[PDB]
There are 4 protein chains.
Amino acid sequence: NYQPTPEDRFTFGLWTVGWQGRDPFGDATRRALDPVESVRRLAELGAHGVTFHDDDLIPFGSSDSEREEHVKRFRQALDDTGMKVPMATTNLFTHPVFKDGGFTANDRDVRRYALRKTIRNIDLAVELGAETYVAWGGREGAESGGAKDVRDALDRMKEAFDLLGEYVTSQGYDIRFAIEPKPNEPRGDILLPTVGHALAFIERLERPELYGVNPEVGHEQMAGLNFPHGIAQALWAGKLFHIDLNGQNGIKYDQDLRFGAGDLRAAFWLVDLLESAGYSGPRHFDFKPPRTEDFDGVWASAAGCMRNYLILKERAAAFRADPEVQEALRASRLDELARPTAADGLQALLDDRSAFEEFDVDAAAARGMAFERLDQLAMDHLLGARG
Amino acid sequence: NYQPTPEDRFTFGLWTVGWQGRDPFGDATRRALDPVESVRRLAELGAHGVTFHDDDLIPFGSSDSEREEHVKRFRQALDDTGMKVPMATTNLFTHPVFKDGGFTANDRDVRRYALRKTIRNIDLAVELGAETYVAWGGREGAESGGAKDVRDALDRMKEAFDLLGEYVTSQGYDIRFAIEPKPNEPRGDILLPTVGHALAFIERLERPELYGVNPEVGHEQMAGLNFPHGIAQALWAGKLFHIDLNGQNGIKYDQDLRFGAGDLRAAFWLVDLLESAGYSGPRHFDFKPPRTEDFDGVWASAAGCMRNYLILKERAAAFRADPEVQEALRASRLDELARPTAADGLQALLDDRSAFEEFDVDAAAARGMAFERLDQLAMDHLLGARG
Amino acid sequence: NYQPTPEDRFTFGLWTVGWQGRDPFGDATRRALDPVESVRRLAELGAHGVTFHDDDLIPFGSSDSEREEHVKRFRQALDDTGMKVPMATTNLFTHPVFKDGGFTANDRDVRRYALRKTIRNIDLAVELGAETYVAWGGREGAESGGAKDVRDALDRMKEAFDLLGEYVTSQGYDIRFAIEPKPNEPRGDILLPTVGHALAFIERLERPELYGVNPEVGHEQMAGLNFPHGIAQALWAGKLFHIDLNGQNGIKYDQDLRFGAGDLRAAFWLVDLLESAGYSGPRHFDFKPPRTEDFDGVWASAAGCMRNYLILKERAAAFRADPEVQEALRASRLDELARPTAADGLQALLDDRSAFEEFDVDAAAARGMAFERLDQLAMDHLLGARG
Amino acid sequence: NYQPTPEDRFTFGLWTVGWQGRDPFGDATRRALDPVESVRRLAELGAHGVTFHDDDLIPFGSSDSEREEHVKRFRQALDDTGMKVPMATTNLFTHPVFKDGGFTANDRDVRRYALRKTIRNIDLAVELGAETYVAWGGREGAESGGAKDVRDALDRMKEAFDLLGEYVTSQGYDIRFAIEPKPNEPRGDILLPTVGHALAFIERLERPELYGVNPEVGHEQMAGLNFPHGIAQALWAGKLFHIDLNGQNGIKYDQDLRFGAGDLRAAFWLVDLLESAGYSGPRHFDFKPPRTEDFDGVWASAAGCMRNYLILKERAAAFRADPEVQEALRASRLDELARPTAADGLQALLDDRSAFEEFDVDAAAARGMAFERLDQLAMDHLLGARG
Ligand SMILES: OC[C@H]1O[C@H](O)[C@H](O)[C@@H](O)[C@@H]1O
Ligand SMILES: OC[C@H]1O[C@H](O)[C@H](O)[C@@H](O)[C@@H]1O
Ligand SMILES: OC[C@H]1O[C@H](O)[C@H](O)[C@@H](O)[C@@H]1O
Ligand SMILES: OC[C@H]1O[C@H](O)[C@H](O)[C@@H](O)[C@@H]1O
Ligand SMILES: [Mg+2]
Ligand SMILES: [Mg+2]
Ligand SMILES: [Mg+2]
Ligand SMILES: [Mg+2]
Ligand SMILES: [Mg+2]
Ligand SMILES: [Mg+2]
Ligand SMILES: [Mg+2]
Ligand SMILES: [Mg+2]
């Protein structure tokens with residue numbers, strides 16, 4: 001039951017199942033995974049593809065020769081399995097040189113290095129067939145107010161993304177960029193902290209059509225925000241290029257639990273939205289198997305990611321297909337929300353006495369919205385207490 | 001010491017000092033204030049002007065005749081005192097008819113009523129000299145996932161703001177709009193929950209140049225965000241039309257404490273930013289004197305708002321003027337952050353071996369940022385432990 | 001399906017279904033309910049009983065004669081229906097006289113009034129058959145640091161509860177007290193803000209055996225705490241006298257959603273714990289039907305409270321009864337957690353070389369905990385994707 | 001100005017200035033410090049003493065011979081400088097064997113190992129003169145609901161602490177235990193998550209007089225709680241054995257900023273409380289110099305910890321000594337809060353018609369508390385805008 005297949009478009013970062021379990025207070029609990037073994041094990045589980053940071057695949061500081069041998073091994077595993085590489089990204093956060101950022105480091109020579117490191121991996125990603133290149137500015141930010149002039153930092157961030165856009169267009173690459181927001185951790189505050197801030201920033205770039213967002217469930221929830229609402233605004237703007245699925249229990253450190261864990265009802269409304277809006281991009285899991293687990297637990301946790309998506313998809317489809325739910329949606333006037341407020345125009349609205357002078361405000365106020373009955377039907381469907 | 005005068009541009013909402021103290025669990029503790037008395041008392045304290053919701057000035061449901069008598073009394077108090085009215089707004093949240101929203105209510109007849117109520121007060125605001133018209137969509141949102149299709153709701157929100165822009169341009173009014181974000185309360189989640197989401201939404205309106213943001217200190221802090229950082233992004237985008245100053249102690253209900261209370265160091269960095277960027281709009285206080293206070297406490301709390309701004313302005317100016325702080329800023333390379341990363345261009349950057357092939361990553365990584373010394377100089381200046 | 005009956009011990013406050021919908025930013029959306037009608041409607045829904053504040057039943061300031069007529073009407077409705085009154089409480093938060101608290105008001109005459117108001121309602125509660133008397137100190141606290149000496153306030157709080165204990169013991173009443181914690185709202189910070197703080201305070205009272213806690217789901221979640229964990233500590237201490245069930249979406253204002261809404265997985269683990277520990281007290285719902293709803297929505301929301309408890313009870317029972325889950329619990333060594341660490345004693349432990357000198361730390365470290373497989377079985381059971 | 005000396009009782013953990021800067025997303029940015037160099041550098045800065053985990057001083061897995069050489073080097077540095085060791089603790093969180101906890105690991109052999117590792121370091125701590133032994137149960141907890149039966153885990157936690165108490169009493173040691181709470185990180189939820197929960201747990205131990213709390217500023221603030229209020233309850237109970245001073249910006253990952261950073265006004269009210277209550281224990285800094293800093297920044301950050309305490313102490317003393325503040329405290333009736341509510345007794349209170357029957361509730365309700373004027377005097381004193 002609920003068996004994933006490649007058509008479900010489930011993808012995983014190499015750094016997810018490969019997380020060794022080292023956290024701020026503890027050493028690694030698992031040995032390092034060979035990327036070739038991860039490709040083969042994920043293929044057997046029914047995954048569609050994998051993603052990577054440059055430093056996940058090529059150990060930092062590798063010579064041009066060692067680099068080639070790592071890529072060839074990886075490519076052969078992809079060719080044997082038919083696994084895809086739909087997305088790639090750069091590690092601009094682990095090495096100590098990035099301790100004050102990559103694109104917005106105060107030191108200019110670090111900013112130039114960060115751009116050259118990124119451009120090198122764009123070339124590789126395009127070769128492997130990636131359609132989306134993700135940027136997570138995890139070190140862009142500050143712990144103290146005087147350390148970063150944020151207006152200058154946004155100038156430097158815009159400069160960097162404009163140069164990347166000039167690079168891909170000059171090379172004729174068919175790849176787009178997605179900014180992944182996070183409000184904090186590892187910096188005290190991170191620049192572009194939410195989906196909203198990232199969407200607003202994109203509109204000031206020279207070629208906005210090349211950039212979208214890669215929202216992550218847990219990151220918006222670290223600010224206490226409604227993740228389905230934020231995804232809806234991204235879809236409304238035409239900017240949902242990619243998505244990171246996982247779980248998070250409220251406002252605390254970034255947990256990266258398996259998808260379905262954390263806020264389960266938010267996961268249900270998210271899947272309802274993605275499916276009903278026809279999102280066609282990868283369903284990418286950015287999660288960490290807890291460091292309590294051995295390698296059997298790693299693959300159990302990865303399998304649970306896909307299983308929970310498929311269960312929620314079934315329940316959301318049954319919710320929307322139920323005639324009693326359709327009746328409830330009409331009782332709550334969800335259909336009237338789709339009607340234009342004033343397609344008759346401004347002047348007609350101003351001359352309409354039923355819109356103000358003769359509007360019966362008390363009769364309208366007395367109408368119940370019937371939202372609680374609708375939400376209990378949604379709860380019944382999620383829990384399988386009806387079909 | 002620290003005496004406010006009208007040139008300091010301090011303004012107050014009628015609903016602030018006039019808050020009667022009724023909260024979700026308690027009845028009012030103060031009698032209602034006559035708006036004329038508030039104008040005169042605020043003028044004596046050194047305020048520059050006042051702001052209002054329509055329903056603060058004209059009791060809801062007033063006839064056209066009673067409406068005129070309320071406005072004339074108010075105008076005469078303004079004329080006697082020289083007090084200005086730089087901003088006005090609509091109450092689309094108190095009356096039960098708005099229980100599911102104004103512009104994004106599911107019921108279409110409510111949405112049309114909300115627009116007509118708003119347009120009526122724009123006319124009045126322009127007559128009184130307001131330059132900014134604020135919209136706080138406090139009822140736009142939901143408690144449950146099925147109650148609101150957020151994509152349709154954003155269509156309805158865009159429709160409403162586009163119609164308001166068509167109205168002001170057809171009337172030839174010199175007034176601009178500012179959206180005030182809030183993440184939650186009184187709805188479970190509110191649409192456009194942060195400065196970022198509001199900035200992104202503005203870019204999809206038909207005439208974006210007419211719209212900016214009115215961020216409030218406490219509202220961004222209800223999402224755990226850095227308020228100075230968010231203000232910096234608004235300034236970077238050219239969209240800081242107005243601002244609401246108050247205090248908030250972390251992630252909880254909207255406290256609306258007097259400015260300076262709450263996160264004191266964030267208040268310092270905010271004033272540093274506003275003054276150094278040359279913000280020239282009103283310094284508006286959206287605060288509630290706690291319901292523990294009598295009327296003497298109301299005016300003490302209002303006076304403290306202005307006093308704390310003036311103290312922080314002095315400390316921030318002394319911080320920036322100190323040669324030792326200027327030296328510390330250079331030691332932390334704040335000046336290098338202002339330099340373009342690659343004004344030599346993409347091709348020069350790609351051919352620069354010092355940017356990658358011969359970049360000494362370990363030497364760069366070993367440089368300390370000296371951020372802690374800089375921040376302790378900032379602390380010393382805030383506390384007056386140096387000048 | 002999932003029909004509640006009186007044996008399920010579901011109870012409701014008069015103030016829950018009777019909430020008129022007035023919130024900090026809006027007027028009431030529903031008319032006031034007659035307490036007699038609430039008793040009859042709740043009886044028809046299958047509820048076991050009702051609870052009340054004094055001021056819910058007797059309008060504040062009622063003469064001794066009017067008081068009697070309100071009580072007689074209420075008693076007759078209870079007698080007609082067989083409905084029970086298992087708990088009562090005092091309103092020490094609505095009237096402006098309590099704006100700085102009841103038991104810990106700075107003014108001594110207010111503290112004496114608060115005790116006399118409480119004692120009067122204890123007499124009534126005992127007459128009606130209440131077994132638990134709840135105290136929620138919603139106004140005990142402060143917005144600013146200098147307003148309240150917290151050590152003196154705790155002296156005054158201990159004094160008040162000791163006097164109440166002396167009163168009930170001198171009257172020979174068979175009633176116990178339960179303190180209901182809340183971290184904030186309506187005060188900036190409330191004294192005894194969590195279950196832990198309340199449990200610790202009880203141990204300093206003169207007769208600790210008379211006092212326990214009444215934890216509320218949403219209140220502990222307003223501090224980001226794990227509500228099942230806190231309930232477990234209360235059960236471990238023998239102090240879970242009563243419980244308030246509802247829902248809350250994270251760290252924000254007190255939402256009081258219907259039970260099952262909010263954190264659904266926390267609701268599942270809560271019901272699992274209550275049932276497996278054999279909690280025998282009332283399942284009391286302290287919730288507010290959203291002000292979007294008319295009276296049909298009020299009773300739908302109340303019915304959903306009980307329905308969701310009954311569904312979760314079924315799923316938790318099926319989880320614990322599943323042989324595959326029992327196997328998983330053994331694989332994760334939940335049974336070894338029940339074994340004493342050192343029943344052989346301190347000296348035996350010190351002389352045991354297998355406990356340190358010859359302990360194979362690397363072999364033990366390599367054991368996986370198999371927690372993810374167990375949690376996915378729990379998810380499958382919650383969602384009805386197995387039985 | 002504000003020069004620390006040993007009489008100020010400032011202490012530092014070896015792990016604080018010695019933090020190498022490795023965080024969940026990045027490698028170390030600083031080389032390891034020799035504990036002997038830390039002792040000498042801290043002595044030169046004016047510190048009173050140092051603290052340590054066992055594994056800070058003796059590398060894990062050291063032979064009995066290597067162990068002796070590490071201790072002798074350390075002791076000689078203490079003897080040369082006169083530096084004290086007032087507190088020690090155990091590392092039960094870094095090694096992978098503790099991935100599910102120490103005292104509450106599901107595996108019984110791990111729990112026995114954790115006790116033997118702790119007991120070994122108690123012996124060493126007593127030899128070096130420690131008066132307090134701290135326990136931070138950082139791995140005691142869970143990421144998922146089924147992984148930990150919390151009632152059994154509390155049984156195991158009580159068993160462990162009872163055995164430690166039996167050990168110290170059988171050895172005749174003059175050392176007490178302090179539990180350090182934290183709500184989360186690195187586990188999803190940690191057992192005993194706040195000061196309140198820890199105080200309540202202590203009361204169920206066999207010898208409660210041996211145990212107190214070691215609260216940390218940032219940890220209580222990770223739950224959004226008022227740290228001065230929690231310290232006040234700990235002092236009221238007689239249980240403040242030790243304290244961890246640092247800074248934290250709201251609800252997020254554990255930042256461990258230098259003291260004074262984070263919530264500056266909470267730091268002021270904390271110092272006011274500690275000094276006015278006559279706390280005589282160490283002022284211990286548990287902080288991490290940000291990984292942006294080199295070694296000069298490490299010692300600047302450590303110096304700032306002590307400087308900020310000394311500045312706040314001066315401002316709080318001036319606040320309390322100001323006759324205008326004393327007048328304000330009387331106007332807010334802080335002195336009436338110290339008066340017993342009913343020293344005349346229960347029967348006198350019941351027969352007092354002025355306490356209820358003839359209490360003028362409206363006159364009492366009309367009294368303002370004058371809290372805002374008092375708080376602005378506190379703000380003026382903190383900022384040095386009066387003396
Ligand atoms: O940007 C790709 C990934 O980089 C880092 O691993 C982040 O922790 C993760 O959130 C992000 O998705
Ligand atoms: O929009 C004007 C004002 O309206 C309401 O009173 C809001 O509570 C306040 O935040 C806002 O500034
Ligand atoms: O104490 C009884 C009740 O009093 C108030 O209505 C509180 O809001 C509620 O939480 C509590 O349960
Ligand atoms: O218990 C001693 C110390 O141990 C760990 O380093 C904790 O992170 C710190 O909070 C605690 O004070
Ligand atoms: Mg994450
Ligand atoms: Mg991610
Ligand atoms: Mg506000
Ligand atoms: Mg505002
Ligand atoms: Mg509540
Ligand atoms: Mg309650
Ligand atoms: Mg800490
Ligand atoms: Mg600590």
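We use all heavy atoms of the structure for the numbers below, so side chains are in, but hydrogens, waters and symmetry mates are not. Proteins get letters first, then strands, A, B, ... in listed order; numbering begins at 1 in each.
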Task: Most chain C-contacting option - heavy-atom pairs closer than 4.5 Å, from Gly26(B), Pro183(B), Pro290(B) - done: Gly26(B)
Open item on the list: Would you say that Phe60(C) contacts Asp27(B) through its side chain, given a criterion of any heavy-atom pair below 4.5 Å between the two side chains?
Closed with: no
Open item on the list: Report which part of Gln255(C) has an atom under 4.5 Å of a heavy atom belonging to chain B: side chain, backbone, both, or neither.
Closed with: side chain
Task: Side chain / backbone / both / neither for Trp136(C) at chain B, heavy atoms under 4.5 Å - done: side chain
Open item on the list: In the structure I gave you, are the side-chain heavy atoms of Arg187(C) and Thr292(B) within less than 4.5 Å of one another anywhere?
Closed with: yes
- [ ] Look at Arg139(B) together with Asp23(C) and state whether they make a salt bridge at an N to O cut-off of under 4.0 Å.
- [x] yes
TODO: Quick one: pull up OH in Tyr253(B) and CE in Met222(C) and give me the separation to the nearest 0.5 Å.
DONE: 9.0 Å
Open item on the list: So if I take each residue of residues 89-101 of chain B and look for any heavy atom under 4.5 Å from a heavy atom in chain C, which residues do I end up with?
Closed with: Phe93(B), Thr94(B), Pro96(B), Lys99(B)
Open item on the list: Under 4.5 Å from any heavy atom of chain C, what part of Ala147(B) do you find: side chain, backbone, both or neither?
Closed with: neither
Task: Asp189(B) CG to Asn249(C) CG distance, which is reported to the nearest 0.5 Å - done: 7.0 Å
Task: Non-hydrogen atoms of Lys252(B) and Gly188(C) that approach each other most closely - done: CE-O, 3.6 Å
Task: Part of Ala28(C) within contact of chain B (heavy atom distance under 4.5 Å) - done: backbone
